[PDB]
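1. Need a 3D model of the sequence below.
(2 chains)
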Amino acid sequence: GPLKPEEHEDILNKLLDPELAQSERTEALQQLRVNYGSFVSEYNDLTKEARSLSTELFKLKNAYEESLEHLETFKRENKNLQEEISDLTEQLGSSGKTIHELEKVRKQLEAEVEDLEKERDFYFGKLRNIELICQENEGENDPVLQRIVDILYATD
Amino acid sequence: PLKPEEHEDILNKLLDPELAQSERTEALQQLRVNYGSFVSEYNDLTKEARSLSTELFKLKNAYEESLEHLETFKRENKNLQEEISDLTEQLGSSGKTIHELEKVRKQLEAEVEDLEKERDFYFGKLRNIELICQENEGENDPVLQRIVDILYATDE
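-> Numbering: from 1, shown residues only, chains lettered A, B, ... in the order given. Now the structure:
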C-alpha cells in the first residue's frame, strides 16, 4: 500500500542536502504528496469499515436477544412437557396397581364360584339319588319315605 | 495528523534548496513526526477493526448456536407432546380395564351370593332327610339305611 516509515525517512534524507539534484528534489516531493493522499484514503476506507462493523454488531445484537428470548420460551415449554409426562406415568403406576389388585380379586372370586358350583351339584345329585330310592320303594306305602318325598318335592 | 493542505505547505517550503538550514531541519522533522504518528493511528485502527471482526465472529457463532438450540427444543417438544398423547391413550384404556374389572367384581360377588343360597337350599333338604333317618333308626329299615349311605357318601 502506502510508504513504510523507513522508506518515508529515506526520502527526508535526500531532501536534507541543499544541493542534490533539483529534478530529484521535486520528484521526491511528489512522492511524499502522492503518498500522503493514499494514506488519507486508506485511513478513511478503514474508518468506513469499522463503522459498518459496529452497525453489523448491534444489528446482530438485536437478533441474539430475540433468539435468547425465543430459546428460553421453548426451554420452559420443554420443562412443562416434562412435568406433564411425569404426572401421566405416576397415574399409570397407580392405575396399574389398582388393576393388579382387581385381578387378584377376580381370580379369588372365580375359584370360589368353581367351588360353590361343585358343592351345589354334589348336594343336588344326592337329592336326585335319594328320590330314585324313594321311587323304587313306593309300593310299600311307607309314610316315612313319603315324608322324605315331601321334602324332596317342596319348591322354594 | 495534519490535513493535506498543511502537508502540502511543508512540501512547498522544502522545494527551495536555498531554504535556511534551521527551517529545513524543522520542516523535515515535522513530516517525520507526523508520518510516524499517522502510521500509529492507522495501526491502532487496523487492530481495532480486526477486534470487532472477531467479536462479530464469536457473536455470529453464538447466535447460530442459539438458533440450533431452538431447533433442538422444537423437535424435542413435538416428540414429548406426541409421547403425551400415547401415554394418555395408555391411561385411558387403563381406566377402562378398571371399570370392566369392577363390573366383573360385582357380577361375581352376586353369583357367589346366589350359589350360597342355592347350596343352602339343597343342603337344608338333605338335613331334613338326615333328621328323618335319625328319628327312624329304631326301625332298622334297609331303605333308610341306603338313603343314609347317600347322605354321607364322599365326592371322590
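
2. now residue A:155, what's its secondary structure?
-> Classification of residue A:155 by DSSP: H, G, I helix; E, B strand; the rest coil places it in coil.

3. So what does it have for phi and psi?
-> For residue A:155, the backbone dihedrals are phi -110, psi 140 (criterion: degrees, to the nearest 10).

4. and the gap between it and chain B?
-> As for residue A:155, its distance to chain B is 10 Å (criterion: CB to the nearest CB, to the nearest Å). In short, each C-beta sits where N, CA and C put it, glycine included.

5. Which parts of stretch A:93-105 count as buried, going by neighbours?
-> In terms of neighbour count (16 or more other CB atoms under 10 Å in any protein chain shown), stretch A:93-105 has its buried residues at A:95, A:98, A:99, A:102.

6. List the single closest residue to the second one in space, sequence neighbours excluded.
-> In this case it means residue A:98. Nearest-residue entry for residue A:98: residue B:98, 5.6 Å, with adjacent residues in sequence omitted and distances by CB to CB, 6 or more residues apart in numbering or on different chains.

7. Could you name the helices and strands sitting against the helix or strand containing that neighbour?
-> In this structure, residue B:98 is located in helix B:21-135 according to DSSP states H and E. In terms of contacts (3 or more CB pairs under 8 Å, 6 or more residues apart in numbering or on different chains; DSSP states H and E), helix B:21-135 is packed against helix A:5-16, helix A:22-136, helix A:143-153, helix B:4-14, helix B:142-151.

8. about what we covered before: take the buried residues of stretch A:93-105 and lay them out in a markdown table including distance to residue A:53.
-> Converted to a markdown table, the buried residues of stretch A:93-105 look like this (distance: CB to CB, whole Å):
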| residue | distance to residue A:53 |
| --- | --- |
| A:95 | 62 |
| A:98 | 67 |
| A:99 | 67 |
| A:102 | 72 |
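
9. So which of these is the closest to residue B:57?
-> Sorting the buried residues of stretch A:93-105 by distance to residue B:57 puts residue A:95 at the head of the list, at 54.8 Å, by CB to CB.

10. you'd agree that closest one is up against residue B:95?
-> Yes - using CB atoms under 8 Å as the test, residue A:95 is close enough to residue B:95 to be in contact (6.6 Å).

11. Can you report how many residues neighbour the nearest residue to residue A:20 once chain neighbours are set aside?
-> Setting aside the residues directly before and after it, residue A:20 is nearest to residue A:14 in space (CB to CB, 6+ apart), at 6.2 Å. Other residues within reach of residue A:14 by the criterion other CB atoms under 10 Å in any protein chain shown amount to 14.

12. Could I get the contacting residues of the closest residue to residue A:64 other than its chain neighbours?
-> Setting aside the residues directly before and after it, residue A:64 is nearest to residue B:63 in space (CB to CB, 6+ apart), at 4.9 Å. By CB atoms under 8 Å, 6 or more residues apart in numbering or on different chains, residue B:63 lies in contact with A:60, A:63, A:64, A:67.

13. Could I have the ChimeraX command that selects the buried members from those residues?
-> For selection in ChimeraX, the members of the contacts of residue B:63 meeting the burial criterion (16+ other CB under 10 Å) are listed in this command:
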select /A:60,64,67
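
14. Now for the contacts of residue B:63: which two are most distant?
-> Maximum pairwise distance among these (CB to CB): 10.1 Å, between A:60 and A:67.

15. what about stretch A:124-140, distance to the chain center?
-> Stretch A:124-140 has its C-alpha centroid displaced from the chain centroid by 77 Å (CA atoms, centre = their mean, to the nearest Å).

16. CA atoms of it as PDB?
-> Coordinates of the C-alpha atoms in stretch A:124-140 are reproduced here as PDB (Å, rounded to 0.1, in the frame of the first residue of the first chain):
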ATOM      1  CA  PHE A 124     -78.400 -81.800  44.100                       C
ATOM      2  CA  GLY A 125     -77.100 -85.200  42.900                       C
ATOM      3  CA  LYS A 126     -77.600 -86.600  46.400                       C
ATOM      4  CA  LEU A 127     -81.300 -85.400  46.200                       C
ATOM      5  CA  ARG A 128     -81.800 -87.000  42.800                       C
ATOM      6  CA  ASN A 129     -80.300 -90.300  44.100                       C
ATOM      7  CA  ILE A 130     -82.500 -90.300  47.200                       C
ATOM      8  CA  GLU A 131     -85.600 -89.700  45.100                       C
ATOM      9  CA  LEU A 132     -84.700 -92.800  43.000                       C
ATOM     10  CA  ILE A 133     -84.600 -94.900  46.100                       C
ATOM     11  CA  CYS A 134     -88.000 -93.500  47.300                       C
ATOM     12  CA  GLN A 135     -89.300 -94.200  43.800                       C
ATOM     13  CA  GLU A 136     -88.100 -97.800  43.700                       C
ATOM     14  CA  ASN A 137     -89.800 -98.500  47.000                       C
ATOM     15  CA  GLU A 138     -93.100 -96.500  46.700                       C
ATOM     16  CA  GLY A 139     -95.200 -99.600  46.500                       C
ATOM     17  CA  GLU A 140     -94.600-100.100  50.200                       C
END
